[PDB]
Structure formats: structure tokens, C-alpha cells
Amino acid sequence: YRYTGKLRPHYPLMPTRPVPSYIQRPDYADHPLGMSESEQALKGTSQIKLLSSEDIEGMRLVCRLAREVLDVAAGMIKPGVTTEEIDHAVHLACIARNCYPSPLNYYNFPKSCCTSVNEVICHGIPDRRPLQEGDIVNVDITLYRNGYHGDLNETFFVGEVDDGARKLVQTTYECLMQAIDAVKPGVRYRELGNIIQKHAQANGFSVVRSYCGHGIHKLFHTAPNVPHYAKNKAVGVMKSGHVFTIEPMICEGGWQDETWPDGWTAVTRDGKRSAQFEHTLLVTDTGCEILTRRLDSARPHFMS
Ligand SMILES: Cc1nc(-c2ccc(Cl)cn2)nc(NC[C@H](NCCCCc2ccccc2)c2ccccc2)c1Cl
Ligand SMILES: [Co+2]
Ligand SMILES: [Co+2]
Ligand SMILES: [Co+2]
Ligand SMILES: [K+]
């Protein structure tokens with residue numbers, strides 16, 4: 001394998017961390033290959049679930065808790081801290097909230113959250129590498145509670161960053177928020193990618209094509225599929241009661257990705273930087289409810 005940039009994996013990984021048996025598990029937690037029986041039963045299906053009142057309540061609670069856990073991660077972003085230490089703190093923060101960390105053993109994923117530094121687009125595996133000043137780093141959190149998953153991500157600055165970092169992170173955030181702004185019943189899911197790409201393209205950046213936003217509730221990933229690039233052919237129309245994510249991955253250079261021999265880590269083919277943001281949204285009559293918003297602060301961590 002020829003690495004696309006300077007980043008390398010830092011092994012060995014610590015033994016996987018157990019989740020105490022009192023915390024409710026998703027079906028895949030104990031499947032040997034980490035397969036989700038309830039997801040695979042609905043594979044290849046465009047049909048979007050419409051959430052009941054108790055579904056909505058369950059989605060509200062878990063996305064609130066997921067935010068709390070991301071805020072925990074954010075507080076630890078500094079030079080010399082390893083992504084593995086972030087993951088350990090994340091893992092304990094999920095347990096304290098009586099939640100299962102959804103990434104853990106998801107299709108055998110080894111860790112409790114995804115940490116994506118610089119050229120890693122998404123799905124970075126927490127490891128022994130100390131964060132370096134100048135780095136940007138995305139932490140993507142999902143929690144599982146009483147049957148429901150809640151999912152969000154933010155990109156952070158590691159100490160002081162160069163001007164290109166500031167710009168890429170800002171634009172990425174702007175892309176997310178412009179797409180959230182257009183969410184309301186009757187809007188086509190395929191339109192969000194037109195908005196995202198138009199904004200990224202205007203700022204000299206490209207949009208990753210191989211990963212998408214997703215529906216989420218009792219399933220971690222399900223219908224709808226939500227591309228972040230223009231002229232995509234996404235199937236579906238937004239409706240009051242739909243719950244899904246927008247999670248645009250935006251690149252300094254070109255849009256193309258490939259995966260490390262670990263089966264998970266997705267990196268730019270040119271080794272330039274990528275940034276990402278994610279909220280889980282609920283479609284309402286006025287627009288959408290941002291289930292994963294910060295409740296006690298106006299902005300994402302990179303601003304404050
Ligand atoms: C954004 C995103 N993230 C993930 C993801 C998975 C694991 C971790 Cl640790 C972090 N993120 N998985 C995703 N999708 C997984 C997905 N699975 C959803 C359920 C389908 C069940 C199924 C049936 C047969 C073969 C594969 C999958 C899928 C599988 C194959 C092609 C596209 C998407 C997505 Cl969209
Ligand atoms: Co993912
Ligand atoms: Co996520
Ligand atoms: Co997601
Ligand atoms: K990154």
C-alpha cells in the first residue's frame with residue numbers, strides 16, 4: 001500500500017473495550033461479523049419510515065445525549081492527545097449515559113467513534129497517534145439508547161491552524177447549514193447535493209461522492225440515501241416525520257477517495273485535507289428540527 005499523504009496508522013490498537021451488560025445492545029453488537037439483521041432485512045429499499053410520537057421522543061433523547069458525548073470529545077482536542085484517548089473518553093461518556101456506542105463492532109469496526117485527521121475523509125480508526133498542532137480532526141459520534149440511534153460529527157482545530165484549514169472547515173460547516181436550511185416537507189432529497197456542491201465549488205473545493213447522508217432511527221443506516229453532490233439521482237421527497245442525516249465531506253483538492261488496507265479509513269487520493277459536519281434532522285411542518293444541535297451555545301466548537 002502507497003499512502004496518499006503523510007498520515008499513517010499507529011498500532012497496536014488497545015484491546016477492544018467492553019460495554020457493561022446492563023446497557024442495551026443493537027442486534028449487530030453480538031453478531032460475529034457485526035452484521036445488522038434488521039438493516040439487511042430492509043436492504044435495497046427506498047421506502048422511508050414515518051416516525052410515531054414515541055419514535056420522535058426516543059430520537060430526541062438519544063440525539064441530545066449524542067451531542068453531550070461529542071462535547072466531551074471536543075474538550076479534549078489538544079496537541080499530544082491521541083485519538084485512542086478521545087475514543088476511551090467517548091466510550092465511557094456513552095456508558096455513563098446508559099448508551100451503547102453505535103460504531104462499536106458495527107461490521108466489526110474496532111472502536112467507539114470515528115476520528116478523521118487531515119486527509120482522512122471519514123471512518124478513521126482511533127489509534128496511538130498524538131494530535132499535532134496545525135491538524136484538523138473530525139470526531140463522528142453515534143449513540144444507541146432504548147432502540148434508537150443518534151448521530152453527529154464536527155471537525156476541530158488542533159491548536160492554531162493555517163488559513164486553508166480555517167477556510168475549508170468554515171465552508172464545510174456553511175455547506176451543512178445551507179442544506180439544513182432547505183429541509184422542509186415536499187423538498188426532494190436530491191436537491192441538498194445541488195446546494196452543498198454549489199457552495200463548495202464557489203470556494204475552490206470538491207465534494208466527496210462515495211459516502212452519503214442516511215436515514216437513522218431504529219436502524220443506524222437506512223433509507224433515505226442522501227448524496228452531497230450535484231445532479232445526483234436520490235430517491236425521495238421530504239416529509240414531516242422523516243429522520244435523516246446530512247453529513248457533507250468536502251475536500252481541498254479533488255473529490256476522489258480510496259480506502260486504507262484496514263478496510264475502514266477513507267482518504268483523499270491526492271492526500272489533501274478533508275472536513276465534515278453532521279446533524280441528524282427531523283422533518284416538521286415549518287421545516288426541520290435539528291435533533292443534534294448544541295442547546296447552550298450558538299456555534300460549533302471550531303468557532304468558539
Ligand atoms: C455514512 C455511512 N456510514 C457508515 C458507517 C459504518 C460503520 C462505521 Cl464505524 C461508520 N460509518 N455506513 C454507511 N452505510 C452502510 C450501509 N448499510 C446499510 C444497510 C444495508 C444492508 C446491507 C445488505 C447487503 C449488503 C450490504 C449492506 C451500506 C452498505 C452497502 C452499500 C451502501 C451502504 C453509511 Cl451511508
Ligand atoms: Co459513517
Ligand atoms: Co456520523
Ligand atoms: Co451519519
Ligand atoms: K479530515
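Counting starts at 1 for both ligands and their atoms, following the listed order. The residues of the chain are indexed from 1 along the displayed sequence.
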The atom name of the N, O or S atom in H214 nearest to the Co ion (ligand 4) is NE2
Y28 and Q40 side chains, donor-acceptor separation under 3.5 Å: no
Go ahead and list the nitrogen or oxygen contacts between ligand 1 and the protein that come in under 3.5 Å, distances to 0.1 Å, or just say none.
| unit_1 | atom_1 | unit_2 | atom_2 | d |
| --- | --- | --- | --- | --- |
| ligand 1 | 3 (N) | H123 | NE2 | 3.3 |
| ligand 1 | 3 (N) | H221 | NE2 | 3.1 |
| ligand 1 | 11 (N) | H123 | NE2 | 2.7 |
| ligand 1 | 12 (N) | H221 | NE2 | 3.4 |

Kindly give the heavy-atom pair with the smallest separation between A66 and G150, and that separation in Å. CB-O, 3.5 Å
Provide the protein N, O or S atoms situated under 2.8 Å from the Co ion (ligand 2); waters are not included. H123 NE2
Between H214 and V226 the two heavy atoms that sit nearest each other are N-CG2, 4.3 Å
Before accepting this row, confirm whether a basic side-chain N of the pair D257/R209 lies closer than 4.0 Å to the acidic partner's carboxylate O. no
Residue pair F109, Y107: steps toward the ring pair (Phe, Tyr, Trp, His ring centres under 6.0 Å) verdict: CA-CA 6 Å; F109 189 78; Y107 288 100; over 10 Å; no
State, with a plain yes or no, whether a side-chain heavy atom of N98 is found less than 4.5 Å away from one of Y22. yes
Centroid-to-centroid, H123 to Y211, below 6.0 Å? yes
Is it the case that the side chains of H221 and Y106 hold a donor-acceptor pair, with the cut-off being a distance below 3.5 Å and no angle test? yes
In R97, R294, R145, the residue satisfying salt bridge (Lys or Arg N to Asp or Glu O under 4.0 Å) with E68 is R97
Which angle, to 10 degrees, forms at the Co ion (ligand 4) with OE2 of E278 on one side and OD2 of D151 on the other? 90°
Classify the side-chain pair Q178/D181 by whether it contains a donor and acceptor separated by less than 3.5 Å. no
